[PDB]
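S.K.: For reference, the file final15.csv (CSV, C-alpha atoms and all ligand atoms) is included below:
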```csv
chain,number,residue,atom,x,y,z
A,692,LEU,CA,0.0,0.0,0.0
A,693,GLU,CA,3.1,2.2,0.0
A,694,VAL,CA,3.4,2.8,-3.7
A,695,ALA,CA,-0.1,4.2,-3.7
A,696,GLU,CA,0.6,6.4,-0.7
A,697,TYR,CA,3.8,7.6,-2.3
A,698,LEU,CA,2.1,8.6,-5.6
A,699,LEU,CA,-0.9,10.2,-3.8
A,700,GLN,CA,1.4,12.8,-2.0
A,701,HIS,CA,0.7,16.4,-3.0
A,702,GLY,CA,2.7,19.6,-2.9
A,703,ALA,CA,1.6,23.1,-2.0
A,704,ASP,CA,2.3,25.0,-5.2
A,705,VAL,CA,0.2,28.1,-5.9
A,706,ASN,CA,0.3,31.1,-8.3
A,707,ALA,CA,2.8,33.0,-6.1
A,708,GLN,CA,6.6,33.0,-6.4
B,15,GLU,CA,-28.1,37.0,-12.1
B,16,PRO,CA,-26.7,40.5,-11.2
B,17,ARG,CA,-27.9,41.3,-7.7
B,18,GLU,CA,-29.6,44.6,-6.9
B,19,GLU,CA,-27.7,46.7,-4.4
B,20,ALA,CA,-29.4,48.0,-1.3
B,21,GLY,CA,-30.8,51.5,-1.1
B,22,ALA,CA,-32.2,51.2,-4.7
B,23,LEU,CA,-28.7,51.9,-6.0
B,24,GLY,CA,-29.4,49.6,-9.0
B,25,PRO,CA,-27.5,46.6,-10.4
B,26,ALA,CA,-23.9,46.5,-9.3
B,27,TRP,CA,-22.8,45.2,-12.7
B,28,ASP,CA,-24.1,44.3,-16.2
B,29,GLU,CA,-23.6,41.3,-18.5
B,30,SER,CA,-22.0,43.6,-21.0
B,31,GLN,CA,-19.0,43.8,-18.7
B,32,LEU,CA,-18.3,40.0,-19.2
B,33,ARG,CA,-16.0,38.6,-21.8
B,34,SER,CA,-17.4,36.1,-24.3
B,35,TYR,CA,-16.3,32.4,-24.2
B,36,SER,CA,-17.1,29.3,-26.2
B,37,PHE,CA,-18.4,27.1,-23.3
B,38,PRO,CA,-21.5,27.0,-21.2
B,39,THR,CA,-21.7,27.5,-17.5
B,40,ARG,CA,-24.0,27.2,-14.5
B,41,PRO,CA,-24.0,29.4,-11.4
B,42,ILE,CA,-22.1,28.7,-8.2
B,43,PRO,CA,-24.5,28.8,-5.2
B,44,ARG,CA,-24.6,32.1,-3.2
B,45,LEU,CA,-25.4,31.2,0.4
B,46,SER,CA,-25.2,32.4,4.0
B,47,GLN,CA,-22.4,31.0,6.1
B,48,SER,CA,-25.2,29.8,8.5
B,49,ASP,CA,-26.8,27.7,5.7
B,50,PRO,CA,-26.1,24.0,6.2
B,51,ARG,CA,-25.9,23.6,2.4
B,52,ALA,CA,-22.9,25.9,2.4
B,53,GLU,CA,-21.3,23.7,5.1
B,54,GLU,CA,-22.1,20.6,3.0
B,55,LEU,CA,-20.5,22.1,-0.2
B,56,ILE,CA,-17.3,23.0,1.6
B,57,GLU,CA,-17.1,19.6,3.3
B,58,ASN,CA,-17.5,17.9,-0.1
B,59,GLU,CA,-14.9,20.2,-1.6
B,60,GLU,CA,-17.3,22.0,-3.9
B,61,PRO,CA,-17.3,25.7,-4.6
B,62,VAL,CA,-19.7,28.1,-2.9
B,63,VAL,CA,-20.0,31.9,-2.5
B,64,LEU,CA,-20.5,32.9,1.1
B,65,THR,CA,-22.2,36.3,1.3
B,66,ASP,CA,-22.0,37.1,5.1
B,67,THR,CA,-18.8,35.8,6.6
B,68,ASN,CA,-17.4,39.3,7.5
B,69,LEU,CA,-14.1,37.6,6.8
B,70,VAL,CA,-12.3,40.8,5.7
B,71,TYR,CA,-14.9,43.3,7.0
B,72,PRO,CA,-12.2,45.8,8.2
B,73,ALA,CA,-10.6,45.7,4.7
B,74,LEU,CA,-13.8,46.7,2.9
B,75,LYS,CA,-12.8,50.4,3.5
B,76,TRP,CA,-9.6,49.8,1.6
B,77,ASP,CA,-8.8,51.9,-1.5
B,78,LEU,CA,-5.6,53.0,-3.1
B,79,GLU,CA,-5.4,56.1,-1.0
B,80,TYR,CA,-5.9,54.3,2.3
B,81,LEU,CA,-3.4,51.5,1.4
B,82,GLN,CA,-0.7,53.8,0.1
B,83,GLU,CA,-0.9,55.8,3.4
B,84,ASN,CA,-0.9,52.7,5.6
B,85,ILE,CA,0.6,49.6,3.8
B,86,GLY,CA,4.2,50.6,4.6
B,87,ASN,CA,7.3,51.0,2.5
B,88,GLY,CA,8.0,47.3,1.5
B,89,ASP,CA,8.5,45.9,-1.9
B,90,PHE,CA,5.4,44.9,-4.0
B,91,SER,CA,5.5,42.5,-6.9
B,92,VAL,CA,3.7,44.2,-9.8
B,93,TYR,CA,3.2,42.5,-13.1
B,94,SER,CA,3.2,44.4,-16.4
B,95,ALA,CA,1.7,43.2,-19.6
B,96,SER,CA,0.3,44.6,-22.9
B,97,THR,CA,-2.4,41.9,-23.0
B,98,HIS,CA,-5.3,41.5,-20.6
B,99,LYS,CA,-4.1,38.0,-19.9
B,100,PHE,CA,-1.7,37.7,-16.9
B,101,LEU,CA,-0.6,34.1,-17.3
B,102,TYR,CA,1.2,32.9,-14.2
B,103,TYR,CA,4.7,31.4,-14.7
B,104,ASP,CA,7.2,30.0,-12.3
B,105,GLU,CA,10.5,31.9,-12.7
B,106,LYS,CA,12.5,29.0,-11.2
B,107,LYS,CA,11.5,26.7,-14.1
B,108,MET,CA,12.3,29.1,-17.0
B,109,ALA,CA,15.9,27.6,-17.1
B,110,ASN,CA,14.5,24.3,-18.5
B,111,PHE,CA,12.3,26.0,-21.1
B,112,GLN,CA,14.5,28.9,-22.3
B,113,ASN,CA,12.4,29.3,-25.5
B,114,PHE,CA,9.5,30.4,-23.3
B,115,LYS,CA,9.2,34.2,-23.2
B,116,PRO,CA,6.4,35.4,-20.8
B,117,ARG,CA,4.1,38.1,-22.0
B,118,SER,CA,4.1,39.7,-18.6
B,119,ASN,CA,7.0,40.9,-16.5
B,120,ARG,CA,7.4,41.3,-12.8
B,121,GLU,CA,8.7,44.6,-11.3
B,122,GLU,CA,9.5,45.1,-7.6
B,123,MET,CA,8.1,48.5,-6.6
B,124,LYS,CA,6.9,50.6,-3.7
B,125,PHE,CA,3.2,51.0,-3.3
B,126,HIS,CA,3.2,54.7,-4.0
B,127,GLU,CA,5.1,54.0,-7.2
B,128,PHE,CA,2.4,51.5,-8.2
B,129,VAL,CA,-0.3,54.1,-7.7
B,130,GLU,CA,1.8,56.6,-9.7
B,131,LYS,CA,2.3,54.1,-12.5
B,132,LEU,CA,-1.4,53.5,-12.4
B,133,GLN,CA,-2.2,57.2,-12.6
B,134,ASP,CA,0.3,57.9,-15.4
B,135,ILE,CA,-1.3,55.1,-17.5
B,136,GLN,CA,-4.8,56.5,-16.8
B,137,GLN,CA,-3.6,60.0,-17.8
B,138,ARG,CA,-1.8,59.2,-21.1
B,139,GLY,CA,-4.6,56.7,-22.1
B,140,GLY,CA,-1.9,54.0,-22.5
B,141,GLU,CA,-2.8,50.4,-22.9
B,142,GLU,CA,-0.2,48.9,-20.5
B,143,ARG,CA,-1.8,46.8,-17.8
B,144,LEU,CA,-0.7,46.3,-14.2
B,145,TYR,CA,-1.6,43.5,-11.7
B,146,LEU,CA,-0.2,43.8,-8.2
B,147,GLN,CA,0.1,40.4,-6.5
B,148,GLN,CA,1.9,40.5,-3.2
B,149,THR,CA,1.8,38.2,-0.1
B,150,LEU,CA,1.0,40.2,3.0
B,151,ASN,CA,4.0,40.3,5.5
B,152,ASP,CA,5.1,42.2,8.6
B,153,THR,CA,6.3,45.2,6.7
B,154,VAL,CA,2.8,46.6,6.6
B,155,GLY,CA,1.8,49.6,8.6
B,156,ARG,CA,0.1,49.6,12.0
B,157,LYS,CA,-3.4,50.3,10.6
B,158,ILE,CA,-3.1,47.5,8.2
B,159,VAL,CA,-2.1,45.2,11.0
B,160,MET,CA,-5.1,46.3,13.0
B,161,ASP,CA,-7.3,45.6,10.0
B,162,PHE,CA,-5.7,42.2,9.5
B,163,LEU,CA,-6.2,41.3,13.1
B,164,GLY,CA,-9.9,42.3,12.6
B,165,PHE,CA,-10.5,39.6,10.1
B,166,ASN,CA,-13.0,36.9,11.1
B,167,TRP,CA,-10.4,34.4,12.3
B,168,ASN,CA,-13.0,32.8,14.5
B,169,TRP,CA,-14.9,31.6,11.4
B,170,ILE,CA,-12.0,30.6,9.2
B,171,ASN,CA,-10.0,28.9,11.9
B,172,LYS,CA,-13.1,26.7,12.6
B,173,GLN,CA,-13.2,25.9,8.8
B,174,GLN,CA,-9.5,25.0,8.9
B,175,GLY,CA,-10.2,22.7,11.8
B,176,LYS,CA,-13.4,21.1,10.5
B,177,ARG,CA,-11.8,20.2,7.2
B,178,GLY,CA,-8.5,19.0,8.7
B,179,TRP,CA,-6.6,21.4,6.5
B,180,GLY,CA,-2.9,22.3,7.1
B,181,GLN,CA,-1.4,25.6,7.9
B,182,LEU,CA,-2.4,29.0,6.5
B,183,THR,CA,0.5,29.6,4.1
B,184,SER,CA,-0.2,33.0,2.6
B,185,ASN,CA,-2.6,35.9,2.1
B,186,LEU,CA,-2.1,37.2,-1.4
B,187,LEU,CA,-3.1,40.8,-1.9
B,188,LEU,CA,-4.5,41.3,-5.5
B,189,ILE,CA,-5.0,44.7,-7.0
B,190,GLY,CA,-5.9,44.6,-10.7
B,191,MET,CA,-7.0,46.9,-13.5
B,192,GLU,CA,-10.5,46.6,-15.1
B,193,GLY,CA,-10.4,43.9,-17.7
B,194,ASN,CA,-7.5,42.0,-16.2
B,195,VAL,CA,-7.6,38.2,-16.6
B,196,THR,CA,-5.8,35.4,-14.8
B,197,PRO,CA,-6.1,32.5,-17.2
B,198,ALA,CA,-7.4,29.1,-16.1
B,199,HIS,CA,-5.3,27.1,-13.6
B,200,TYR,CA,-5.6,25.0,-10.5
B,201,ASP,CA,-3.8,25.5,-7.1
B,202,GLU,CA,-2.3,22.9,-4.8
B,203,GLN,CA,-3.9,24.5,-1.7
B,204,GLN,CA,-7.3,25.3,-0.4
B,205,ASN,CA,-8.4,28.9,-1.0
B,206,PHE,CA,-10.9,31.3,0.6
B,207,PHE,CA,-11.1,34.1,-2.0
B,208,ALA,CA,-12.2,37.3,-0.2
B,209,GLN,CA,-13.4,40.1,-2.5
B,210,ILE,CA,-12.9,43.7,-1.2
B,211,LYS,CA,-13.3,46.2,-4.0
B,212,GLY,CA,-14.7,45.9,-7.5
B,213,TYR,CA,-16.2,42.8,-9.1
B,214,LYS,CA,-14.5,39.6,-10.4
B,215,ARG,CA,-16.1,37.0,-12.6
B,216,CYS,CA,-14.9,33.5,-11.5
B,217,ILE,CA,-15.3,30.5,-13.7
B,218,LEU,CA,-14.4,27.2,-12.1
B,219,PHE,CA,-14.0,23.7,-13.5
B,220,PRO,CA,-14.0,20.5,-11.4
B,221,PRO,CA,-10.8,18.4,-11.3
B,222,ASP,CA,-12.4,15.7,-13.5
B,223,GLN,CA,-12.1,18.1,-16.5
B,224,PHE,CA,-8.4,17.6,-16.5
B,225,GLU,CA,-8.7,16.0,-20.0
B,226,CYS,CA,-10.4,19.1,-21.4
B,227,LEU,CA,-8.1,21.8,-20.1
B,228,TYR,CA,-4.6,20.5,-21.0
B,229,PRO,CA,-2.2,21.8,-18.3
B,230,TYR,CA,1.3,22.5,-19.3
B,231,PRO,CA,4.0,19.9,-18.4
B,232,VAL,CA,4.8,19.8,-14.7
B,233,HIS,CA,8.4,21.1,-15.4
B,234,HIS,CA,7.1,24.0,-17.6
B,235,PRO,CA,7.1,27.4,-16.0
B,236,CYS,CA,3.3,27.5,-16.6
B,237,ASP,CA,2.8,24.2,-14.6
B,238,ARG,CA,-0.8,24.0,-13.4
B,239,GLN,CA,-2.0,26.6,-16.0
B,240,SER,CA,-4.2,25.6,-18.9
B,241,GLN,CA,-2.6,25.6,-22.4
B,242,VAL,CA,-5.9,26.6,-24.0
B,243,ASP,CA,-6.3,30.3,-25.1
B,244,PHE,CA,-9.9,30.8,-23.9
B,245,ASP,CA,-10.1,33.7,-26.4
B,246,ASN,CA,-9.2,31.6,-29.4
B,247,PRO,CA,-9.3,27.8,-28.5
B,248,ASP,CA,-7.3,25.6,-30.8
B,249,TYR,CA,-9.6,22.7,-31.1
B,250,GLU,CA,-7.2,20.6,-33.2
B,251,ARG,CA,-4.6,20.6,-30.4
B,252,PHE,CA,-7.2,20.7,-27.6
B,253,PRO,CA,-10.3,18.8,-29.0
B,254,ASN,CA,-11.8,18.0,-25.6
B,255,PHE,CA,-12.0,21.7,-24.7
B,256,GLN,CA,-15.2,21.5,-26.7
B,257,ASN,CA,-16.6,19.5,-23.7
B,258,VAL,CA,-15.8,21.9,-20.9
B,259,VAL,CA,-18.6,23.2,-18.6
B,260,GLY,CA,-17.9,25.8,-16.0
B,261,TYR,CA,-19.2,26.9,-12.6
B,262,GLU,CA,-19.6,30.7,-12.8
B,263,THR,CA,-20.2,33.6,-10.4
B,264,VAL,CA,-19.4,37.3,-9.9
B,265,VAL,CA,-18.1,38.1,-6.5
B,266,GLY,CA,-18.3,41.6,-5.1
B,267,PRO,CA,-17.3,43.5,-1.9
B,268,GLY,CA,-18.0,41.2,1.1
B,269,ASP,CA,-18.3,38.0,-0.8
B,270,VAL,CA,-16.0,35.0,-0.2
B,271,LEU,CA,-15.6,32.3,-2.8
B,272,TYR,CA,-14.4,28.9,-1.7
B,273,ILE,CA,-12.1,27.7,-4.4
B,274,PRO,CA,-11.4,24.0,-3.5
B,275,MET,CA,-8.0,22.5,-4.0
B,276,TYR,CA,-7.4,21.2,-7.5
B,277,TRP,CA,-10.4,23.1,-9.0
B,278,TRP,CA,-9.5,25.0,-12.1
B,279,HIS,CA,-10.5,28.7,-12.0
B,280,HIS,CA,-10.5,31.5,-14.5
B,281,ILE,CA,-10.9,34.9,-12.9
B,282,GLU,CA,-11.3,38.3,-14.6
B,283,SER,CA,-11.9,41.9,-13.4
B,284,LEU,CA,-15.1,43.1,-15.0
B,285,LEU,CA,-14.8,45.4,-18.0
B,286,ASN,CA,-15.2,49.1,-17.2
B,287,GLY,CA,-15.5,48.2,-13.5
B,288,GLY,CA,-12.5,50.1,-12.1
B,289,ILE,CA,-9.8,48.6,-10.0
B,290,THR,CA,-10.4,45.4,-8.1
B,291,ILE,CA,-9.0,44.4,-4.7
B,292,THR,CA,-8.9,40.8,-3.3
B,293,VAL,CA,-7.2,39.0,-0.5
B,294,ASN,CA,-7.1,35.2,-0.6
B,295,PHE,CA,-6.5,32.7,2.2
B,296,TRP,CA,-4.3,29.7,1.1
B,297,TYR,CA,-4.3,26.6,3.3
B,298,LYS,CA,-2.4,23.4,2.9
B,299,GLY,CA,-4.6,20.5,2.1
B,300,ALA,CA,-5.3,17.7,4.5
B,301,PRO,CA,-2.9,14.7,4.3
B,302,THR,CA,-3.6,11.6,2.3
B,303,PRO,CA,-6.2,9.6,4.2
B,304,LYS,CA,-5.2,6.7,6.4
B,305,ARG,CA,-7.1,4.1,4.3
B,306,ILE,CA,-7.2,4.6,0.5
B,307,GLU,CA,-10.6,3.8,-1.0
B,308,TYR,CA,-11.1,2.8,-4.7
B,309,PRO,CA,-11.8,3.8,-7.3
B,310,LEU,CA,-9.7,7.0,-6.7
B,311,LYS,CA,-11.1,10.5,-7.0
B,312,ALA,CA,-10.2,12.8,-9.9
B,313,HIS,CA,-7.9,14.9,-7.8
B,314,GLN,CA,-6.1,11.8,-6.6
B,315,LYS,CA,-5.4,10.8,-10.2
B,316,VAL,CA,-4.1,14.4,-10.8
B,317,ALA,CA,-1.7,13.9,-7.8
B,318,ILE,CA,-0.5,10.7,-9.3
B,319,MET,CA,0.0,12.1,-12.8
B,320,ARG,CA,2.0,15.0,-11.3
B,321,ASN,CA,4.2,12.6,-9.3
B,322,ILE,CA,4.9,10.5,-12.4
B,323,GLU,CA,6.1,13.6,-14.3
B,324,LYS,CA,8.2,14.6,-11.4
B,325,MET,CA,9.8,11.2,-11.0
B,326,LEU,CA,10.6,10.9,-14.7
B,327,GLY,CA,12.1,14.4,-14.9
B,328,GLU,CA,14.4,13.4,-12.0
B,329,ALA,CA,15.3,9.8,-13.1
B,330,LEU,CA,16.0,10.9,-16.7
B,331,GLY,CA,18.2,13.8,-15.5
B,332,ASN,CA,16.4,16.2,-17.9
B,333,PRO,CA,12.8,17.3,-17.9
B,334,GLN,CA,12.7,17.6,-21.7
B,335,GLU,CA,13.2,13.8,-22.0
B,336,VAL,CA,9.9,13.2,-20.1
B,337,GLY,CA,7.7,13.6,-23.2
B,338,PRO,CA,9.7,11.3,-25.5
B,339,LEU,CA,9.7,8.5,-23.0
B,340,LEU,CA,6.0,8.9,-22.2
B,341,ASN,CA,5.2,8.7,-25.9
B,342,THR,CA,7.4,5.7,-26.3
B,343,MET,CA,5.6,3.9,-23.5
B,344,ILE,CA,2.2,4.4,-25.1
B,345,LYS,CA,2.4,4.5,-28.9
B,346,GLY,CA,1.0,1.2,-30.1
B,347,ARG,CA,0.8,-0.1,-26.6
B,348,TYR,CA,-1.9,1.8,-24.7
B,349,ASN,CA,-3.4,4.1,-27.4
C,801,LIG,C1,-4.5,35.2,-8.1
C,801,LIG,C2,-6.0,34.7,-8.2
C,801,LIG,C3,-6.5,35.1,-9.5
C,801,LIG,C4,-7.0,36.5,-9.6
C,801,LIG,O1,-7.7,37.0,-8.6
C,801,LIG,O2,-6.7,37.2,-10.5
C,801,LIG,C5,-6.0,33.2,-7.9
C,801,LIG,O3,-5.9,32.4,-8.8
C,801,LIG,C6,-6.1,32.7,-6.6
C,801,LIG,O4,-6.3,33.4,-5.5
C,801,LIG,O5,-5.9,31.5,-6.4
C,802,ZN,ZN,-5.5,30.4,-8.3
```
Once more with this new file: its structure as structure tokens, please.

M.R.:
Amino acid sequence: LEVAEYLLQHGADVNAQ
Amino acid sequence: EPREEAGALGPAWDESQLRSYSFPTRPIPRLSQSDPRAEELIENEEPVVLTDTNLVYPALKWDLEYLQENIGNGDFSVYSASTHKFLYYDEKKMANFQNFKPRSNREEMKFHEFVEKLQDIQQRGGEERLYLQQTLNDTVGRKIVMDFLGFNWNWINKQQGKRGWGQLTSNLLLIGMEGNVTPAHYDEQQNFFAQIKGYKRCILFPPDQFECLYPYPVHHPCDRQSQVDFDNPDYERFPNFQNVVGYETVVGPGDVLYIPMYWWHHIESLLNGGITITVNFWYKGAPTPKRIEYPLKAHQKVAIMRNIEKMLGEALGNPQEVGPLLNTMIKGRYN
């Protein structure tokens, strides 16, 4: 179940440098 | 759809102030924060306009004069463009796409200079466009601090807690000229979009329309932005853009739009509506759930696709080799 958890991780990128 | 303003002051805006596009839309609900339907929409991560949060009540008195006198002497990022489109681009990624030349440029500038640049353009009838986009920080003056402290933190903190969101990361101050447009894109954070001055038309698309909006490659400076020119869609490159359907609303002073994480949004300052002012509230999304349930949601597949592109860019040692390998994987095998 780790491959799934790994690929489901998200960042926090937004339209702000 | 335009709401009548109290005191018989007439309709705040008119349909003639809206740009024309090729796709249909249906309205986003406008509800009171006390309405359980509004709570249900936020919990299910669907957009809603909240009309009575008082989230930025102290900021509703903000105009260029008040801000210039009180917002301090810090630097403000101001974008300049000759087109109404202010396409966002990540400057840290331009190295890997050095044939990309943005149509807008960023200039660091004091607030009084931004007002002066605004005034000079207004005077000379020029067609240059400015869009101030600056995260609020501790350089702001005391009166702005007092206003900031006066936001309805009681309400939004309870939202943060009820949804399990992460930290508040930023409050982006947005001051744009009439007719300004931020092209369609999705953000990797939850957003409460608090309108202060002027009116903004917001067109949202759910995450399951990924196939119709064609984001740039992850390693491109315009990562998360749509490749489609909403003004002249190229249906041969982007055929499924003929299937998009938006959720639309016009927010005004006092309104707060919940833009759920991963939802595409196209936002424009109404034509002939004067300057617009907005402050957003960006929160990190909740973690991946303890138990994964199948089949996955659209936004989970988006997270997967992003991570595939990130991994390949790293493993191949060059982001521009990502496309060729992906095509090799699929041609005559999965297509
Ligand atoms: C910057 C903003 C767009 C706009 O208001 O022009 C946005 O996309 C956001 O708050 O997430
Ligand atoms: Zn956004």

S.K.: Using all atoms listed in the file, which protein or nucleic acid residues come within 12 Å of residue 695 of chain A? Drop anything in the same chain fewer than 6 positions from it, and give the result as a ChimeraX atom specification.

M.R.: /B:302-308,310,314-315,317-318,321-322

S.K.: Would you write out, as a Markdown table, a table of all residues in chain B that have an atom no more than 10 Å from an atom of chain A, listing for each the closest atom pair and the distance in Å to one decimal, considering only C-alpha atoms and ordering rows by chain and rising residue number?

M.R.:
```
| residue | atom | partner | partner_atom | distance |
| --- | --- | --- | --- | --- |
| B:91 | CA | A:708 | CA | 9.6 |
| B:101 | CA | A:706 | CA | 9.5 |
| B:102 | CA | A:706 | CA | 6.2 |
| B:103 | CA | A:706 | CA | 7.8 |
| B:104 | CA | A:708 | CA | 6.6 |
| B:105 | CA | A:708 | CA | 7.5 |
| B:106 | CA | A:708 | CA | 8.6 |
| B:147 | CA | A:707 | CA | 7.9 |
| B:148 | CA | A:707 | CA | 8.1 |
| B:149 | CA | A:707 | CA | 8.0 |
| B:183 | CA | A:703 | CA | 9.0 |
| B:184 | CA | A:707 | CA | 9.2 |
| B:186 | CA | A:707 | CA | 8.0 |
| B:196 | CA | A:706 | CA | 9.9 |
| B:199 | CA | A:706 | CA | 8.7 |
| B:200 | CA | A:705 | CA | 8.0 |
| B:201 | CA | A:705 | CA | 4.9 |
| B:202 | CA | A:703 | CA | 4.8 |
| B:203 | CA | A:703 | CA | 5.7 |
| B:204 | CA | A:703 | CA | 9.3 |
| B:205 | CA | A:705 | CA | 9.9 |
| B:236 | CA | A:706 | CA | 9.5 |
| B:237 | CA | A:704 | CA | 9.4 |
| B:238 | CA | A:705 | CA | 8.6 |
| B:239 | CA | A:706 | CA | 9.2 |
| B:275 | CA | A:703 | CA | 9.8 |
| B:296 | CA | A:705 | CA | 8.5 |
| B:297 | CA | A:703 | CA | 8.7 |
| B:298 | CA | A:703 | CA | 6.3 |
| B:299 | CA | A:703 | CA | 7.9 |
| B:300 | CA | A:701 | CA | 9.7 |
| B:301 | CA | A:700 | CA | 7.9 |
| B:302 | CA | A:700 | CA | 6.7 |
| B:303 | CA | A:696 | CA | 9.0 |
| B:304 | CA | A:696 | CA | 9.2 |
| B:305 | CA | A:692 | CA | 9.3 |
| B:306 | CA | A:696 | CA | 8.1 |
| B:310 | CA | A:699 | CA | 9.8 |
| B:313 | CA | A:699 | CA | 9.3 |
| B:314 | CA | A:699 | CA | 6.1 |
| B:315 | CA | A:699 | CA | 7.8 |
| B:316 | CA | A:699 | CA | 8.8 |
| B:317 | CA | A:699 | CA | 5.5 |
| B:318 | CA | A:698 | CA | 5.0 |
| B:319 | CA | A:698 | CA | 8.3 |
| B:320 | CA | A:701 | CA | 8.5 |
| B:321 | CA | A:698 | CA | 5.8 |
| B:322 | CA | A:698 | CA | 7.6 |
| B:325 | CA | A:698 | CA | 9.8 |
```

S.K.: Grab the atom CA of residue 194 of chain B to atom CA of residue 228 of chain B distance for me, in Å with one decimal place.

M.R.: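 It comes out at 22.2 Å.
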
S.K.: Quick one, how far is atom CA of residue 348 of chain B from atom CA of residue 243 of chain B?

M.R.: 28.8 Å

S.K.: Pick out the residues sitting within 8 Å of residue 287 of chain B, and hand them over as a ChimeraX atom specification; count only C-alpha atoms, and ignore anything fewer than 6 positions along from it in its own chain.

M.R.: /B:27,31,192-193,212-213

S.K.: Keeping only C-alpha atoms, write those residues as an mmCIF file, in the coordinates of the input.

M.R.:
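Okay, again-v6.cif is ready:
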```
data_model
loop_
_atom_site.group_PDB
_atom_site.id
_atom_site.type_symbol
_atom_site.label_atom_id
_atom_site.label_comp_id
_atom_site.auth_asym_id
_atom_site.auth_seq_id
_atom_site.Cartn_x
_atom_site.Cartn_y
_atom_site.Cartn_z
ATOM 1 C CA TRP B 27 -22.800 45.200 -12.700
ATOM 2 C CA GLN B 31 -19.000 43.800 -18.700
ATOM 3 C CA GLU B 192 -10.500 46.600 -15.100
ATOM 4 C CA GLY B 193 -10.400 43.900 -17.700
ATOM 5 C CA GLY B 212 -14.700 45.900 -7.500
ATOM 6 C CA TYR B 213 -16.200 42.800 -9.100
#
```

S.K.: For the point (-6.1, 39.8, -1.5) in file coordinates, what residues are within 7 Å, counting only C-alpha atoms? Give the answer as a PyMOL selection string?

M.R.: chain B and resi 185-188+208+291-294

S.K.: To one decimal place in Å, what is the distance between atom CA of residue 264 of chain B and atom CA of residue 286 of chain B?

M.R.: 14.5 Å

S.K.: As an MDAnalysis selection string, please: the residues near residue 163 of chain B (cut-off 10 Å, all atoms listed in the file, same-chain neighbours under 4 positions excluded).

M.R.: chainID B and resid 70 72 157:159 167

S.K.: Of the residues B:42, B:108, B:343, B:217, which is the one nearest to ligand ZN 802 (chain C), using only C-alpha atoms and all ligand atoms?

M.R.: B:217

S.K.: Ranking B:349, B:335, B:190, B:253 by minimum distance to ligand LIG 801 (chain C) and counting all atoms listed in the file, which one comes first?

M.R.: B:190

S.K.: Got a sec: who's within 12 Å of residue 242 of chain B, counting all atoms listed in the file, leaving out chain neighbours fewer than 6 positions off, as a VMD selection string?

M.R.: chain B and resid 35 to 36 101 197 to 199 224 to 230 236 248 to 256 258 280

S.K.: Would you mind listing what lies within 7 Å of residue 94 of chain B as a list in words, with all atoms listed in the file counted and same-chain residues fewer than 6 positions away left out?

M.R.: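 My reading of the contact set: residues 118, 119, 120, 142, 143, 144 and 145 of chain B.
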
S.K.: Out of B:172, B:117, B:44, B:345, which residue has the shortest atom-to-atom distance to residue 93 of chain B when counting all atoms listed in the file?

M.R.: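 Closest to residue 93 of chain B, using all atoms listed in the file: B:117.
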
S.K.: Which residue out of B:326, B:176, B:332, B:216 has the minimum interatomic distance to ligand LIG 801 (chain C) when all atoms listed in the file are used?

M.R.: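 So, comparing all the options, the nearest one is B:216.
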
S.K.: Which residue out of B:122, B:24, B:169, B:95 has the minimum interatomic distance to residue 140 of chain B when all atoms listed in the file are used?

M.R.: B:95

S.K.: Let me make sure I understand: among B:134, B:210, B:285, B:100, which one has the smallest atom-to-atom distance to ligand LIG 801 (chain C) if we use only C-alpha atoms and all ligand atoms?

M.R.: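 Among B:134, B:210, B:285, B:100, it is B:100 that comes nearest to ligand LIG 801 (chain C).
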